[PDB]
Amino acid sequence: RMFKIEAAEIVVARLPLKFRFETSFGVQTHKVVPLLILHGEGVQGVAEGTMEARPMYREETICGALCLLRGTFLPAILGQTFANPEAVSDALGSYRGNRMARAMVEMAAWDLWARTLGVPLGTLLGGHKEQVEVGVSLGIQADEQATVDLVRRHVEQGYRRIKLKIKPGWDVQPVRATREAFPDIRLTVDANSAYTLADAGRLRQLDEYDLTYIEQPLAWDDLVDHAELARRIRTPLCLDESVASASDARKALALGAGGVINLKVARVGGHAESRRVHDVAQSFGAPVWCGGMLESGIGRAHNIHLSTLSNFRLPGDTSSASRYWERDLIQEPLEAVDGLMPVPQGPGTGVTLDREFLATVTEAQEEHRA
Amino acid sequence: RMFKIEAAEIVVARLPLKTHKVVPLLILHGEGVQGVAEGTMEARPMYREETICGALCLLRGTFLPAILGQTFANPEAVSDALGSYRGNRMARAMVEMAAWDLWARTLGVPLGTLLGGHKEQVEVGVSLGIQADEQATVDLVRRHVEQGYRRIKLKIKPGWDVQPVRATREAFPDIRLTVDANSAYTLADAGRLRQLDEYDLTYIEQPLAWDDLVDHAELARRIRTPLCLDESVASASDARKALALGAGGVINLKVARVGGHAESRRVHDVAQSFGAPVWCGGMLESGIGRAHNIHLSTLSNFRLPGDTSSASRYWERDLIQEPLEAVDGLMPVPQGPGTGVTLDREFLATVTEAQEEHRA
Amino acid sequence: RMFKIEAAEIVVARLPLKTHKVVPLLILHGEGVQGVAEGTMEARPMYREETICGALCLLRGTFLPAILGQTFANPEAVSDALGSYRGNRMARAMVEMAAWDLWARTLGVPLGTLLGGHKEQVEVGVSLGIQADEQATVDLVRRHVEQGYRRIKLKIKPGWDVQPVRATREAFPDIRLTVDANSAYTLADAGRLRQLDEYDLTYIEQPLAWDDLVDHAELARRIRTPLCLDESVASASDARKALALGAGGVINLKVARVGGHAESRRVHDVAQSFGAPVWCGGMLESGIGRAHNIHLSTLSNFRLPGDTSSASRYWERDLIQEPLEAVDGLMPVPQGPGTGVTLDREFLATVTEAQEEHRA
Amino acid sequence: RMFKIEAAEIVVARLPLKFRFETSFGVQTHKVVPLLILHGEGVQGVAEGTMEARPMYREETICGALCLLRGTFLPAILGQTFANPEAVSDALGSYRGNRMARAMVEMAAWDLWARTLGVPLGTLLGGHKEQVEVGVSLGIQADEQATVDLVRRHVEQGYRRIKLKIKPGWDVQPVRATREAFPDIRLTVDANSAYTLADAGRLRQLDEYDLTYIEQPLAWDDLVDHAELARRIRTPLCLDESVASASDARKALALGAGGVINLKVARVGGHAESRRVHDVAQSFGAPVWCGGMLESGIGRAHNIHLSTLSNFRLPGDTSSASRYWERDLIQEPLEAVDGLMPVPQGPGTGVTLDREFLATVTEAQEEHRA
Ligand SMILES: CC(=O)N[C@@H](CCC(N)=O)C(=O)O
Ligand SMILES: CC(=O)N[C@@H](CCC(N)=O)C(=O)O
Ligand SMILES: [Mg+2]
Ligand SMILES: [Mg+2]
Ligand SMILES: [Mg+2]
Ligand SMILES: [Mg+2]
């Protein structure tokens, strides 16, 4: 039955990384993890923000999102009783944008709700996969052959897709040079919203090298130019930043802006909207796959449960947690073997904050009540 | 945790109208609860392609042996365990919808709540058949407007369309008014249908072929009145194709026609992503089907009124213990887990023509 | 020659309306002059996605450290020095617009003149909220017509649109009349919106989703009244896409929403290249923002009247020393270099909630 | 503040060339340079006409343009006070066409105005590049290999694009034969409004040889056929003659007539309109690059300042002045090194008439006052 949200904790942690993540919007080495914990009916839901300190991947920031949480979202929900996560989400007024901020509340609500039922999260969302295929995305690196080697280390691990982050002045080389050593691997690029329609003919060269897709080659907020570019090349386009809702997905696919969607749960505003994005794509015969945002095991586990839905037909960016952190914020390991990630068992996300360890890396912590 | 389907009953009832109606039921048993669903296929293929005879064959020979004795994580897993077979969406909906009801009852949660709805009441419309003349049409619309219905549906046909719509809109300038064209028209009728445009109908329902989308798209370019699709939307990919082709701007969503609740929610979500509304169509359901419908209707893109009016308008006495009665054009969501309604087993037995039990 | 940005102040004022409004200001100091700009983001994300809290964070932690102590050839160079970051156009506009004002003041040249304008006065329109009934609408339009406004904007909403427009056009057959639909409609409203067509509105402003262009394109095919875009044009490439898709024929151009003066001139020029007009939208600005707006509005494709009406309509007392008062629907361009207006520092201090200074 | 135009000089010079310019509209060896000097507020603005004695590249002529200047344009502006170059341009009535003639006035006005402010021209137009990438365009020449050698001399100089003027009965050869010796150079052709849609399949052969664009292959005044041809070949089209305004640019790009625009400042009517053309292209994600019209250092310097704007993303035709003249009309050298041309320093254009030398090559000179 119904659930009452009695308290909310905001806990910000920073976690040292392991590899250096050198995307076309910059280089990333460390990681701030904004956690929202919702309390009610003797259980708790935890979710993790995917917004950055500065607006580099997309428009939101930790600073603005916490203001929004403490000044607006949390007051609207605290002390209130809800029938389900859709009602929580409904209660956050008509505020514009800020999907990731909304996702912290909404996804925590899903975790809390599932835990009141004693049911796994993926199960309530309609998924019945018991593990999910994952690939790896490899940041920018080295040179023509001396990067066919980092691919090597991952193909030997059984990862089911290799994604190379390219960018203006570094692209066609690895692709032929990886299709070189590995003529048969599922291979993709993250063209990193780097290019413009100007760069169209160069991108067509990637065509023979048989990629499953080219990811977000043009502006992060664009659909129209992508639809133009898609007509000029044979390699399918994959959208990321430009699909932030199910109607964006509908428009992108009706326009022909892409044939594949990188679905990032928090980017589209949470699980319910992700299911819609997922079903909209499916109705167009377009697959989705699960994006990653360097999450701790909270975010990683949310991603894994979402990925159990049936239109997740391409390997996601949900590789092994041990790849990123010497120690994660949860107790459970989230380790893929042979490119298959198992669904962590238990109610909701199936994972559990390591509170003692979290405390040692916490830099902010607030409680909110009605 | 997961649920095992241990047993299934098929009960075929002949329920007196207020002539009879054959009501096929499926009851799935597991975990100390049961799920019940109602078939909407007819004895002969009239509204669509399926029949009771073909459907019950498929259930007992194929669908039921596939699920009996198996353990499932959710209703989607039950449905997936049947996905090799083509079409037969109403037969499939029987299993799928009973599975939803069973699953919800293992959790103790209302069905609509599990599907993501949070309405406590749903808006209901009324359907009128062809009347003898204009004033007889207007007198019955006036009755139903006074009862508080929030949408008026008129059955129209070639020779009788502009007249009743005109007379009605004249008497009732501001009501929500729609028509059901019952696939009785052709593209040569475009000029006549366009004559409806000045009376601001919310939509015209399925004027052209029952399985068509493409000619509906053409007709939509020729008239300004929105088209509502019925029989040609039997899946989420049909809804996508319909909306993207401009075959219509509204979908009459019938849960069993598209294959059950999960696929219905996908139709609802696809429509929503296009900013097109859906509404809940009806099929003369006993309280089992009516309750499944009321629960589906609590979802937020059900933005036009549905054919889930009072059970008492159809049946002397219903097969369930709970009254489903709308007041002032609002049907309350029946309280309880799953559908929130309960078969009256003794009354049921007095109207049962045939029953059978199946185990693994 | 080039300019060095030596210092920046953020002042947040609470300015009494004639209830209060929070007015965030940025003052950039260099070369013995200063540039001032005003933020248009709200405390919560209502008109669009940004907030004062998020914006000020971005300024002090990112934008300001990027420019403090650096030397620039022009305001475009200042803006380029921030181009790694995504969205946040109003936060960016604060820096960009102060940079324009500073730059113009190092040269001794009016801002509008540097952007290529040569109007000495700009035409102003009036905005009316929902009134109780038709005659109350007409009485207020009559007032504003007599004051000499050159465009009447009516706020409309579902249930209240054709009536006020009809009553107004009936009383005023030749005035320039427009409506603001405030994203309150859907494609199902096409038939109702088309009913506005006979009253010859100059445009309907953003009837569908605030961030949409594609559905607006569809709606434009269904009705003959021109659509004006607001929130879905946040850049020159948005303006191009909007005009080329046929999402609208007019753009409500708000300087801070698109990221400042340079990008605004690009929106203005793209529109012009399509032969589509722009007009200057408003955001309840203190005299700082109003003056930036008046200066932008002097450009030649600002061919419909703008929301830069009298400061006295909003504020008991303004933050600047100069009165910005329109007479007979003409707002004079404030004289002087840059914006031609000057902060009243002592009055400002009496209404300051928070201030801070930043250096390299 | 405001500026008053008190006097105007028209000075026509002829300058001996150095190389023979053998375009598909004819062979050019010498060069008439129409200069307009505007006087006001103790400074002067100088601009240079790009119209020819005869209408070979486009429709204007020196003869008709000077008539228009002396009979119409100059009378409208002399003794008048203006707030900026846009107001000067506004004051030249609604006269039709004659963009180059208008450009002499307008561009001189920009120079004059910038000089009253003491600011560089490019700076006022919004550019902040400190030098610009340039290529070379090579007229019609020799044969298959014995022209891969003239390309040679330019690649050794570091020019960042090589453009070959082709024409019916001389085209596919050098391209494979230059892509031959120089498999990696940025290479283009100036198809010289020579062809018609008839010639479409031959042009598609240039496709593998990897040109950045094919320039104005069809009629000089056409958009529609270019949009058709663009659909038949993979090499982007570049428009020149057919874009004479920002609305022409809008129409060309909305139609798909080209993906690149050769922006010639005087052809579109001056700096302000060039900025608009530049921004319109940018809004479509189309680059521009700077055309050349064999200018003396006055025109060359105007071109360099315009080229500082951000959508000038492809190398222009603004090579070294020493390539064209044994002596230029200005004092300053305008020499590129390694395909980079520096912005000449100083207010306005940053260059200065060499009046003593100009006098020795002047063939006409008039003063006009109010
Ligand atoms: C922080 C986020 O922007 N980083 C990666 C995703 C990293 C993934 N492997 O977890 C990205 O490509 O978006
Ligand atoms: C006079 C003009 O028509 N000649 C060259 C441009 C020459 C450039 N290199 O300066 C052209 O191709 O148009
Ligand atoms: Mg990515
Ligand atoms: Mg019906
Ligand atoms: Mg408005
Ligand atoms: Mg040329």
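The chains referred to below are lettered A, B, ... by the order of the sequence lines, with proteins before strands, and numbering in each begins at 1. When a ligand or atom number is given, it counts from 1 through the structure's own listing order. Note that these values count all heavy atoms, side chains included, but never hydrogens, waters or copies made by symmetry.
- With a 6.0 Å cutoff to the six-membered ring centre and a 45° limit on the axis angle, A:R58 does not count as a cation-pi contact of A:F25.
- With rounding to the nearest 0.5 Å, the separation of CG in A:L138 from OG1 in A:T147 is 7.5 Å.
- Judged by distance alone, the side chain of A:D240 and the main-chain N or O of A:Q216 form no donor-acceptor pair under 3.5 Å.
- Ordered by chain and residue number, the residues placing a heavy atom less than 4.0 Å from ligand 2 are D:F21, D:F25, D:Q28, D:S137, D:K165, D:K264, D:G292, D:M293, D:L294, D:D317, D:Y324.
- Between the side chains of D:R153 and D:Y159, no donor-acceptor pair of N or O atoms lies under 3.5 Å.
- Taking distances strictly below 2.8 Å, the protein N/O/S atoms close to the Mg ion (ligand 6) are D:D190 OD2.
- Between the side chains of D:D171 and D:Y195, at least one donor N or O sits under 3.5 Å from an acceptor N or O.
- A cation-pi contact, defined as under 6.0 Å to the ring centre and within 45° of the axis, links D:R323 to D:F19.
- Here A:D248 pairs with A:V243, A:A244, A:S245 under the side-chain contact (heavy atoms from CB on, under 4.5 Å) rule; sequence neighbours left out.
- Sorted by first and then second residue, the pairs that involve residues 11-22 of chain D and meet side-chain hydrogen bond (donor to acceptor under 3.5 Å, both in side chains), not counting sequence neighbours, are D:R14-D:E363.
- Here D:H305 and D:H271 keep their ring centres 6.0 angstrom or further from each other.
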